[PDB]
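Single-letter residue listing:
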Amino acid sequence: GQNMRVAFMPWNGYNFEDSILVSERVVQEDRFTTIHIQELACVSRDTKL
Amino acid sequence: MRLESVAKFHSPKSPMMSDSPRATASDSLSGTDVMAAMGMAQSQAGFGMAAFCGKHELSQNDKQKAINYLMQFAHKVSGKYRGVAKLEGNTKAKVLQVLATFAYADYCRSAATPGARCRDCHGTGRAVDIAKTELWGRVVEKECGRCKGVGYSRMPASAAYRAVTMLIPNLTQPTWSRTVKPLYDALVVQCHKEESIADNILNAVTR
DNA sequence: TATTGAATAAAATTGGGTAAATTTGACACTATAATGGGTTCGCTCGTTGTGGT
RNA sequence: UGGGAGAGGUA
Ligand SMILES: [Zn+2]
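Residues numbered from 1 in each chain as written, not as in the entry; some residues may be left out. Chains lettered and ligands numbered in written order. Part of a larger assembly, values for the part shown. Heavy atoms only, no water.

- Its PDB record attributes the structure to cryo-EM, giving the resolution as 3.36 Å.

This is the structure:
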């Protein structure tokens with residue numbers, strides 16, 4: 001993972017019960033952006049018709 | 001034209017038996033948007049949709065809807081038949097109810113009615129003439145002589161007459177044929193008219 | 001001046017039958033000698049019927 | 001289309 005600057009304080013109920021508030025710089029700098037490669041298949045079969 | 005595909009679509013999910021299924025496109029239509037188009041075409045042309053679903057025994061609750069619409073039509077149209085136009089309120093409502101129910105059962109009657117299929121042809125109305133096959137060599141067909149081509153025993157209109165003369169006793173058969181039975185035939189012609197205009201509006205919607 | 005009930009004739013229906021097609025189900029393919037089978041566990045706890053000194 | 005196993009996971 002990544003090393004995140006973390007402050008321990010309640011912030012307006014946005015970290016209420018094991019919730020996490022994240023800055024928009026973590027989304028801008030693309031720190032937790034993951035790549036998800038996905039394979040689709042297509043089979044050409046011998047139909048009796 | 002357009003309507004009978006929806007009667008195919010009112011069934012449950014049938015199992016397929018073929019090779020590679022699932023075209024996965026919008027080639028014809030889906031199975032839910034046809035019902036959505038039936039919903040869009042219900043504010044106008046609901047009579048024919050209710051009558052069609054009641055006739056083909058899919059959603060067997062709109063039989064009462066079709067009988068109620070036919071009763072409303074008979075209440076609107078009863079002012080041109082000399083036998084019914086002189087009766088009093090609840091009695092005229094009950095005779096309109098009983099001849100509406102019998103007219104709708106006459107419209108509903110096809111070769112799938114229990115006890116109505118032809119004896120010989122088994123509903124097809126098409127038997128094979130053995131002499132023309134013996135002289136021609138090939139296989140031929142002819143009209144089923146018992147059913148006379150229609151494939152089912154038709155509904156006699158005198159059933160409604162017997163069911164109304166338990167309520168109007170002084171109404172004999174000649175005046176029944178003279179000033180009551182045209183209203184009955186007007187009801188079944190109105191059923192066919194409403195089914196045709198509902199098929200037309202369905203084809204106008206899903207075009 | 002109509003309209004309607006008794007009578008009515010023609011057509012549709014219906015129950016029964018019936019001679020003739022036609023479908024159904026079953027068979028049918030043959031000799032050296034040969035002669036008794038492969039499954040199952042530490043997988044706890046309550047209930048209930050069945051069998052036993 | 002859509003059925004059954006087995007394995008792992010989340011609260
Ligand atoms: Zn027939």
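Next comes the rest of the description.
### Examining the protein's contact with RNA strand D
Moving on, step 1. Looking at RNA strand D, the residues that line it are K13(B), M16(B) and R22(B).
Moving on, step 2. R22(B) has a polar side-chain atom sitting 3.2 Å from a sugar or linking oxygen of RNA strand D. (Near = heavy atom within 4 Å. Polar contact = N/O pair within 3.5 Å; in protein donor to acceptor, adjacent residues only side chain to side chain.)

### Details of the nonpolar core
Residues and elements named next belong to chain B.
Moving on, step 1. By size, the foremost hydrophobic cluster in this structure holds 31 residues, and its most contacted members are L70, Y104, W176, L183 and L187.
Moving on, step 2. Residue assignment for this core shows that the elements contributing at least two residues are α3 (47-55), α4 (62-77), α5 (89-108), α7 (158-164) and α9 (181-205).
Moving on, step 3. Counting 14 residues, the second-largest nonpolar core is a separate cluster that includes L3, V6, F52 and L202. (Core = buried A, V, L, I, M, F, W, Y, C linked by side-chain atoms within 4.5 Å. Buried < 20%, exposed > 50% of the residue type's maximum accessible area, 1.4 Å probe, protein only. Helix = DSSP H or I, 4+ residues; strand = E, 2+ residues; numbered from the N terminus.)

### Considerations on α9(B)
Residues spaced three or four apart along an α-helix point in a common direction, a consequence of the helix completing one turn every 3.6 residues.
All names here are of chain B.
Moving on, step 1. For α9, built from 25 residues, the straight-helix expectation of 36 Å at 1.5 Å per residue is met to within 8% by its first-to-last C-alpha distance of 36 Å.
Moving on, step 2. Residues of α9 that are buried: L183, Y184, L187, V188, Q190, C191, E194, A198, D199, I201 and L202.
Moving on, step 3. Looking at the buried side of α9, the elements it contacts are α1 (4-9), α2 (33-40), α3, α4, α5 and α7. (Expected span 1.5 Å × (residues − 1). Contact = heavy atoms within 4.5 Å.)

### Considerations on the coordination of the zinc ion
Residues and elements named next belong to chain B.
Moving on, step 1. The protein atoms that coordinate the zinc ion are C118 (SG), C121 (SG), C144 (SG) and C147 (SG), at distances of 2.3 Å.
Moving on, step 2. Each of the 4 donor atoms around the zinc ion contributes to a set of angles spanning 103 to 116°, which defines the coordination as tetrahedral.
Moving on, step 3. Sequence positions of the residues that donate to the zinc ion give the spacing C-x2-C-x22-C-x2-C.
Moving on, step 4. Accessibility expressed as a relative area gives 9% for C147, which makes it buried. (Donors = N, O, S within 2.8 Å, 3.2 Å for Na, K, Ca; no water. Tetrahedral: all angles 85-135°; square planar, octahedral: opposite > 155°, others 65-115°.)

### A look at a nonpolar patch on the surface
Moving on, step 1. A surface patch of nonpolar side chains, about 480 Å² in accessible area, is lined by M4(A), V6(A), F8(A) and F32(A).
Moving on, step 2. Tracing the backbone shows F32(A) in the segment after α1 (25-28). (Patch = residues over 30% accessible without salt bridge, like charges linked within 9 Å, V, L, I, M, F, W, Y side chains within 5 Å. Areas by Shrake-Rupley, 256 points an atom, 1.4 Å probe, with all protein chains shown as cover. Salt bridge = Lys/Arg side-chain N within 4 Å of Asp/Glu carboxyl O.)

### Regarding the side chain of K92(B)
Residue and element names in this part refer to chain B.
Moving on, step 1. Secondary-structure assignment places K92 in helix α5.
Moving on, step 2. Notably, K92 is buried but unbridged: the nearest opposite-charge side chain belongs to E88, and the N-O separation is 9.7 Å.
Moving on, step 3. Ignoring any residue separated from it by four or fewer positions in sequence, one finds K92 in contact with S78, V84, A85 and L87. (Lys, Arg positive; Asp, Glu negative; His and termini not counted.)

### Structural notes on the packing of α4(B) against α5(B)
Axes are the key here: two packed helices are described by the angle between their axes and the distance separating the axes.
Residues and elements named next belong to chain B.
Moving on, step 1. In the contact formed by α4 and α5, the axes pass within 9 Å of each other and the chain directions differ by 125°. Here α4 lies oblique to α5, going by the angle between them. Viewed along their axes, α4 and α5 form a crossing whose handedness is right-handed. Residue-level inspection shows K63, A66, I67, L70, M71, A74 and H75 of α4 in contact with α5, the latter providing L96, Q97, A100, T101, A103 and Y104.
Moving on, step 2. Its residues placed into classes, the contact of α4 with α5 shows 9 nonpolar, 3 polar and 1 charged. (Axes fitted to C-alpha atoms, helices over the stretch in contact; angles between N-to-C directions. Parallel < 35°, antiparallel > 145°, perpendicular 65-115°, else oblique. Left-handed = near helix turned anticlockwise from the far one by under 90°. Nonpolar A, V, L, I, M, F, W, Y, C, P; charged D, E, K, R; others polar.)

### Thoughts on the packing of aromatic side chains
All names here are of chain B.
Moving on, step 1. Across all of its chains, the model carries 3 aromatic pairs over all chains by this definition.
Moving on, step 2. Ring centres of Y104 and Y107 lie 6.0 Å apart, and the angle between their planes is 35°; on these two criteria the pair is classed as tilted. In this pair, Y104 and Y107 both sit in helix α5, 3 residues apart, roughly one turn of the helix. Assigned by exposure class, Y104 and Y107 land together as buried.
Moving on, step 3. Judged by centre distance (5.4 Å) and plane angle (50°), the ring pair of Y161 and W176 falls under tilted. Of this pair, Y161 sits in helix α7 while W176 sits in helix α8 (residues 173-179), and the two are 15 residues apart along the sequence. Neither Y161 nor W176 differs from the other in exposure class; each is buried.
Moving on, step 4. When the ring centre of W136 is taken as origin, the NZ or CZ atom of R138, which lies over that ring, is 3.7 Å away. (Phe/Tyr/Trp six-rings, centres within 6.5 Å; stacked < 30°, edge-to-face > 60°. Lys NZ or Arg CZ within 6 Å of the ring centre and 35° of its normal.)

### What to know about unusual backbone geometry
Residues and elements named next belong to chain B.
Moving on, step 1. Despite not being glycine, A45 shows a phi value in the positive range, around 55°.
Moving on, step 2. Phi angles above zero are rare outside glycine, and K148 is one such case at about 60°.
Moving on, step 3. Position of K148 relative to the elements: it lies in the loop between β2 (142-143) and α7.

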